[PDB]
Amino acid sequence: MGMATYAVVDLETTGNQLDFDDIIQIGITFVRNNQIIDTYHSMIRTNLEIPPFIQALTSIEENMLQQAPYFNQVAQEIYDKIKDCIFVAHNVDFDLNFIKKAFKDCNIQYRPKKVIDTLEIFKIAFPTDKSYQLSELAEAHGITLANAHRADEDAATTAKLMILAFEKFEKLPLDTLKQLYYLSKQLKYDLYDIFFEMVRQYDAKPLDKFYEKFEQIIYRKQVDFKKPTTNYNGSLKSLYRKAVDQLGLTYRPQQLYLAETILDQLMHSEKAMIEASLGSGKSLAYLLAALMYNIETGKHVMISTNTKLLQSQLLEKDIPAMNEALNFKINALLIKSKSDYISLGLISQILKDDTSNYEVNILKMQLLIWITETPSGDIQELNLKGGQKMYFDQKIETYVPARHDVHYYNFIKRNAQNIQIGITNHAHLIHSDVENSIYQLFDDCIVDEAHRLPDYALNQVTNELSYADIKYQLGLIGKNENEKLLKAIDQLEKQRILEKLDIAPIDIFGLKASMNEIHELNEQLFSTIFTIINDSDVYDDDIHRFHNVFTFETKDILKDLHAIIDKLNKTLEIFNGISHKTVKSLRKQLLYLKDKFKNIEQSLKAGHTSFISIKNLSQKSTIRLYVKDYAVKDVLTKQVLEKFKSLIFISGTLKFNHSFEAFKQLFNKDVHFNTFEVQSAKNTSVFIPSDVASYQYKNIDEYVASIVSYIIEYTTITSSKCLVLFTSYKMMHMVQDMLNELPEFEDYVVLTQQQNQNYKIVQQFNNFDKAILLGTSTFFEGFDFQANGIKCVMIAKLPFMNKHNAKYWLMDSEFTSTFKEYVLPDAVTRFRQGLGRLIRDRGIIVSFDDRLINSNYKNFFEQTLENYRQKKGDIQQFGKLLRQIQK
DNA sequence: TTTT
DNA sequence: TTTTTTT
Ligand SMILES: [Ca+2]
Ligand SMILES: [Ca+2]
């Protein structure tokens, strides 16, 4: 047969309604033998009003169209070009249907022989990609998009990206044969005949790169590390000097001093705390301090970071830089927890043919291909979202490992005699021994940005009951004889009555009813929970808010748990002679559900500090009930302090009232803790406006008005970039709209706080030299800032946490004076992290909150300004000063 | 999510 | 013995 031809089709349209919209541009790229042979592109004219939204999107305007044909002209042309091809397009559903109707209105019956959806092929072939949006996908794969949203290019990109995947689908038939039989259950589009054609026209050859077929799974043999080559007999200084010289960096005394500090504390197995608040130097500091510790003693150093950008700059920027200083080739490994690695027990998921969620079938195909690639086996690097992550998190939670399972976690175990630098995240470090065993693998660790460590303790200390999780679990049992487990039990009982299996009698009808009675006892619970949620503080905010409610009795909820737990055990007792796999897995499922409820009931029967949560007031389908099963002070000490010989704490903000006591208090027994600490100060200037009235939310409008007035004053005196740290949503949007209205900020682009691609806002902010400013919320720490000229930071108010903050809710039981011991030291450290970032060039700071001057605790706040120059007065003294700095 |  | 909504 003539090799099939592929029509990769793209349509720009006026809308999404199949019956109410027209094609306004069709681009086609044709493909055969993994190669482009022809392309088709013709703007299509529509007598409809193209709404402005499609114009900013498609770059297409109405005046362009009046010279393009209507669709019925080219209609016979297009059909005659695509009639005998295979139809291909991203979200083919949307594409094919539109061109199917447009052909119908020209008396043309398009019934294509074979349909292909690249969204499926891309999900399988590129399973580690963060998004499958055709634009960003093309960017992650060295594909140049000359222009975005054009169909003649969206059709080429979608065709090129196809040709990669088709060439990537060229490995081993034992694996390709897996995907043929898995492709069938795709139950979406005709793709099997593609693999069926690569099986026929296949060329057999072994490959040693990929390892043996563990069971049936084929994978890539992780490559271990070897003995490190570190020949250096100098001192830490001579290394530093050479290093700073070789990299073309500037010598810094305190940095290298810091470096000698860290080595000294390790060699002696000590426990320091180092508030540095330095610049980029800290990154190289650790590296050389840890690199030295190994050359001298041969021990290993874990580096637990807070974020990824910190972990990366030191992993892939400052490591190949350091490895030019010599033939160093040091070893750094991103050591995560044990659960976050693959056990190659996915053969069990593979054996789960009953899986019909489709999304999982893709995961089955994703895992099969990801596993011949990943050098680490880190699950998260396979970005997992929605249902997929929920099933895979569910299977991994109850996985009963086998005697000889090839687990990717054990690569860390058998190879940390050779990683001089191991790097982690604080959230992994504090997991339980069974969850995370790094204390048994690394004896020496340096926690970075350690003031956020108790905040990470707060999420590993609470357990949760999720309406969503319970709903999914019930879903995996079924409520009728046509649903997963219940459907299988049917075949079992059927096979007792028909195939005569040695199974005992099973009341499938009773179980089905029994299972429906469970479904109602659950809803009944989330109603008693829900109504006291609807009967509480209602916050009306465009951003969906987490209305965490804290006041409630726990008797009626405890009576609905005792009801639902007792019936689960009764449904289990129908099955005691459980020798069959299906009825075994069914019991394991029903049993795990019983433990989720039993654990919360066991936490609420006792009286553990407990609270409810919800995500939407209208959607009762997102209720979550939380309980405090452990104590943070306990979690920190045992999982970290007690289980580490040399533990060096270092952060930009670790000192309160000049006393680390406000940090060591959580470490009970307060075992001896060595203390430590280490131009910009005077290059900076603070201004406390006096005209500003006090913070009164009752009347938040004249406060934001005084803020825009200063933003007005600054922006007109000197157009350097600005930064207004905000702690409130209402207030941040109030000034962001008040900025966009006044014409003084014409030629000025304001940026709000958006979680999606938040980093992008920073990119655009630097993209301009003097036309940018931005309000934000609790984002002080991460941000760095650079420009030409003056530098301003405006803090709206002292960053206190309300008594309605769950962080406070979970911590109140754990402190005597929850204000003096916790929320005040947190407010200060957060406050002094906006400041720390500003100082660098010269700059100023503006603190609008007058609590800093006329409050009893003002002392602790003005302590963070001892090295600056404070001043107070009108917006007039602010103007003169703003001119004074330029002088 | 992922296509206008 | 002092305080208001993100990450
Ligand atoms: Ca399309
Ligand atoms: Ca397009």
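Residues numbered from 1 in each chain as written, not as in the entry; some residues may be left out. Chains lettered and ligands numbered in written order. Heavy atoms only, no water.

(A) Just the coordination of the calcium ion (ligand 1), in detail. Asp-10 (OD), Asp-95 (OD) and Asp-95 (OD) make up the full set of protein donors to the calcium ion (ligand 1), lying at 2.5 to 3.0 Å. Between the calcium ion (ligand 1) and the calcium ion (ligand 2), a separation of 5.3 Å is found, and both are coordinated by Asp-10. In this pair, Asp-10 is assigned in strand β1 (residues 6-13) and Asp-95 in helix α4 (residues 92-104), connecting sequence segments 85 residues apart. Looking at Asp-10, the relative accessible area reads 13%, which means it is buried. With relative accessibility at 2%, the residue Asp-95 sits in the buried group. (Donors = N, O, S within 2.8 Å, 3.2 Å for Na, K, Ca; no water. Helix = DSSP H or I, 4+ residues; strand = E, 2+ residues; numbered from the N terminus. Buried < 20%, exposed > 50% of the residue type's maximum accessible area, 1.4 Å probe, protein only.)

(B) Spotlight on the packing of helix α23 (residues 555-573) against helix α24 (residues 581-606). At a closest axis distance of 9 Å, the pairing of α23 and α24 adopts a crossing angle of 155°. One finds that α23 runs roughly antiparallel with respect to α24. Remark: the crossing between α23 and α24 carries left-handed chirality. The segment α23 lies against α24, with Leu-558, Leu-561, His-562, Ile-564, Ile-565, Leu-568, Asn-569, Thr-571 and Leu-572 engaging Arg-587, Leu-590, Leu-591, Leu-593, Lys-594, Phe-597, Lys-598, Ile-600, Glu-601, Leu-604 and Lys-605. (Axes fitted to C-alpha atoms, helices over the stretch in contact; angles between N-to-C directions. Parallel < 35°, antiparallel > 145°, perpendicular 65-115°, else oblique. Left-handed = near helix turned anticlockwise from the far one by under 90°. Contact = heavy atoms within 4.5 Å.)

(C) Looking closely at the coordination of the calcium ion (ligand 2). Bound to the calcium ion (ligand 2) on the protein side are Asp-10 (OD), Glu-12 (OE) and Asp-154 (OD), at distances that span 2.1 to 2.5 Å. Along the chain, the residues donating to the calcium ion (ligand 2) fall in the pattern D-x1-E-x141-D. Its relative accessible area of 3% is what places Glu-12 among the buried residues.

(D) Looking closely at the domain arrangement of chain A. We note that the domain assignment places domain 1 (6-168), domain 2 (236-326 + 421-460 + 631-678), domain 3 (339-408), domain 4 (464-628) and domain 5 (680-886) within chain A. For domain 1 and domain 5, the distance between their C-alpha centroids amounts to 47 Å. (Domains from an automatic or database assignment.)

(E) Structural context of helix α12 (residues 281-297). Between its terminal C-alpha atoms α12 stretches 24 Å, which fits the 24 Å expected from 17 residues at 1.5 Å a residue. When you tally the buried positions in α12, you get 14 out of 17 residues, the bulk of the element. At the C-terminal side of α12, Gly-298 shows a positive phi close to 80°. (Expected span 1.5 Å × (residues − 1).)

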